[PDB]
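Asker: Experimental structure and sequence below.
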Amino acid sequence: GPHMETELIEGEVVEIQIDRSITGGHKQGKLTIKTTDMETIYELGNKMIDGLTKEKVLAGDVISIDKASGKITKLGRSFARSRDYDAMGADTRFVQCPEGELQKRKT
C-alpha cells in the first residue's frame, strides 16, 4: 500500500447527507467525496457520523476515513478558518491546542 496498506478514503467533501431521524443507536448518512479522479459516494455508519462530527466536517472540507478503525481525519487542503496570521505580537491568543503532535514536526 501507499504509506500504509489500510483501506482509506480521502477527498474534498462535495455533499453531506446525515440522518436526523435515526435513534441514538446507529446513525447513518451518505457522503459525497471528490477524489483524485472523480466524486464517489460513501455510506456513513454511526462511527463515521461520530468521526465527521468530531472533525466538524462540512461541505468544502477534506477528510479521510479509516475503514478499519472507523476514524475520520481532516487532511488540511480544503479547510475552514485556518489561522493565516502568524505575526502574533499583540495577538495574545496563543491557543495552540494540543490536538495530537503526531511526529515531532515542531515549529
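Answerer: Thanks, I have the structure now. Numbering: from 1, shown residues only.

Asker: Surely residue 40 forms part of a strand?
Answerer: Yes: judged by DSSP: H, G, I helix; E, B strand; the rest coil, residue 40 forms part of a strand.

Asker: Surely it is in contact with residue 31?
Answerer: No: applying Cβ atoms under 8 Å, one finds residue 40 not in contact with residue 31, separated by 9.3 Å. C-beta: built from backbone N, CA, C; applies to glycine.

Asker: Mind telling me what element residue 73 is part of?
Answerer: In this assignment (DSSP states H and E), residue 73 forms part of strand 72-74.

Asker: Likewise for residue 63?
Answerer: Using DSSP H and E, residue 63 falls within strand 62-66.

Asker: Please, which helix or strand holds the residue lying closest to residue 30 once chain neighbours are set aside?
Answerer: Leaving aside its sequence neighbours, residue 30 sits nearest to residue 17 (Cβ to Cβ, 6 or more residues apart in numbering; 4.0 Å). Taking DSSP H and E as the criterion, residue 17 maps to strand 8-18.
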